[PDB]
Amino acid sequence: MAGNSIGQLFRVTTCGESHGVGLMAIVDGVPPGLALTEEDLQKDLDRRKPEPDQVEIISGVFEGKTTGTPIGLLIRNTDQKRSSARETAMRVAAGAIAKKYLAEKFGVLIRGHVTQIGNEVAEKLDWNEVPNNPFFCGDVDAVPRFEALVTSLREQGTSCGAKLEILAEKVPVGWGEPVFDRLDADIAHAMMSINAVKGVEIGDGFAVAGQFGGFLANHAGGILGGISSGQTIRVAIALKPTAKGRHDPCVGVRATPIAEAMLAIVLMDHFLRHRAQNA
């Protein structure tokens, strides 16, 4: 069955089987006055693969602007008279709304890149490189090596795991709600909704275990005592390997847009909670 809702103030509630008639979300809490259209949501949906099933805004937008009421989303499944991009669509469409709002309001920029596929690691990050290749890889000299590895596993009936880093930049200080709703805790919660995820870490993450107590190197990954620092938010996740020519070697790279979406959803929620706690 389902726990089909996430968030306290920015709340997303969903339903829909991948094989069922369609998929739906109700998104609460988005302030009035955000420019929004179907296109703004499709753009992020269509980033899962880099004419597919089209999202429709059913409510909450009048004359191209959010009204402040609950926003209803629908995808009608054109299953032609079990691909799990349909299981991820409402999350990504809803994250898109949170992204667009956080970008306009604060200039928050949320972006993910694959740092590792199996035994190949990316060693350096160039944000202009991540859309040029189909791995979301920021290291233009690792792309060939990732491609060779994918070519290699495709041949031999196997698949590999991955590790993604997601960053949220320009996030105001103060967001998060200790004891139980720390920003890191809700992040980890949200990331762990993505299917093959086996770990989440913030900042230096598991390395920390072997550390001893570098200037402003953001060891905390932008969260301290469960509340945003002001620094960039760094989150990493590890996705496990996944079970005609099915061209399936590393599905985990295609999780980048949804990990971006989940981080946006959590930040949007905590934005609103922080605001509610300040008037």
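All residue numbers refer to positions in the sequence shown, first residue = 1.
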*Should the segment between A243 and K244 be described as having none, 1 to 3, 4 to 9, or 10 or more unmodelled residues of the deposited sequence?*
10 or more
*Missing from the model but present in the deposited sequence, between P50 and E51*: 10 or more
*Entry-level comparison of average CA B-factors, 144 to 152 and 89 to 97, reporting the higher stretch*: 144 to 152
*Look up the CA B-factors in the entry and say which stretch, 175 to 183 or 117 to 125, has the higher mean.*
117 to 125
*From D139, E104, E165, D204, can you pick the one with the highest C-alpha B factor in the entry?*
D139
_Member of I110, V200, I71, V130 with the greatest C-alpha B factor (per the PDB record)_ = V130
*Among modelled residues of the same chain, the CA temperature factor third for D28*: lowest
*Going by the recorded CA B-factors, say which third of the chain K170 sits in, lowest, middle or highest.*
middle
*What third of the chain, by the recorded C-alpha B-factor, contains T232?*
middle
*Going by the recorded CA B-factors, say which third of the chain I6 sits in, lowest, middle or highest.*
lowest
_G214 CA temperature factor, ranked by third within the chain_ = highest
